[PDB]
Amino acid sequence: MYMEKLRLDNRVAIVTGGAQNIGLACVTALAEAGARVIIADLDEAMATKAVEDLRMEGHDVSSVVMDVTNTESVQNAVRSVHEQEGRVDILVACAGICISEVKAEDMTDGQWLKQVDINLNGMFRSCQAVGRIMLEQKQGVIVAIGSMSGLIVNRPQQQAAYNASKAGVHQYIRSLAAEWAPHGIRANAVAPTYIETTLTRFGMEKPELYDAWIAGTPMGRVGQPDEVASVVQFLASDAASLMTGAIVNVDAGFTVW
């Protein structure tokens, strides 16, 4: 019973931002659990390459181009997955950016709007498009990649738009959880600490940043993408049947202090 609940055999999953980093780890975890996974990403090349690596390991993985700033792109990408796969059982929404080391008094409208558009408006576009399909199935699960930045404020790097966008993502996901609970849908978010990715490594290589991050973390380390993916895979599975609207802290204790 209990180990079987963790399986995702034959379930169709779309992972936005799935071509690299946390997204790619989530793709890999879902695929290992038996899911049919579609990488939805802005980079057509990256996605196609990732698909090859994963098929190489025997995974049922495909790709579609998606731009989360563009409603038409998102809806076209979701429709074509629905077309080819017949169903969408799982959405993992990882698409996001972080514009950091930009003081609140300095940030431009363009920086503000871009940050909110990708992280928060993109979450709306993604979840709405997939949600409509899940509603007709009366079955589905969404996992969003939130951030501890939605709950606490990072130091010393300034990024108020990021922090606000992720708090928005958390409460948006909770709203969906409430609205869609009677219709067989669950929606949760993970809120990770710093994860070593191609992008955060620039922060990691700057001692003023990295030393503060480590000093502020009880476990004394950043996380790795597979550690976020394991939680995401769990939340996507029937093992998590009683969980909806949860902001799950995956942060090495950062928010405890």
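From 1 onward, residues are counted along the sequence shown.
- Legend: mean Cα B-factor per stretch from the PDB entry, 222 to 230 versus 34 to 42; the higher mean is in 34 to 42.
- The PDB entry reports B-factors from which the mean C-alpha value can be compared for 65 to 73 and 198 to 206; the larger average falls on 198 to 206.
- In this entry, the residue among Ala212, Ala47, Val27, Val190 with the greatest C-alpha B factor is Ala47.
- When the C-alpha B factors of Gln84, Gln111, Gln128, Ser147 are read from the deposited coordinates, the top value falls at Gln84.
- In this PDB entry, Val15 carries a Cα temperature factor that places it within the middle third of its chain's modelled residues.
- When the CA B factors of the chain's modelled residues are split into thirds, the value for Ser80 lands in the highest one.
- Annotation for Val256: C-alpha temperature factor in the lowest third relative to the rest of the modelled chain, per the entry.
- Among the modelled residues of its chain, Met3 has a C-alpha B-factor that falls in the middle third according to the deposited record.
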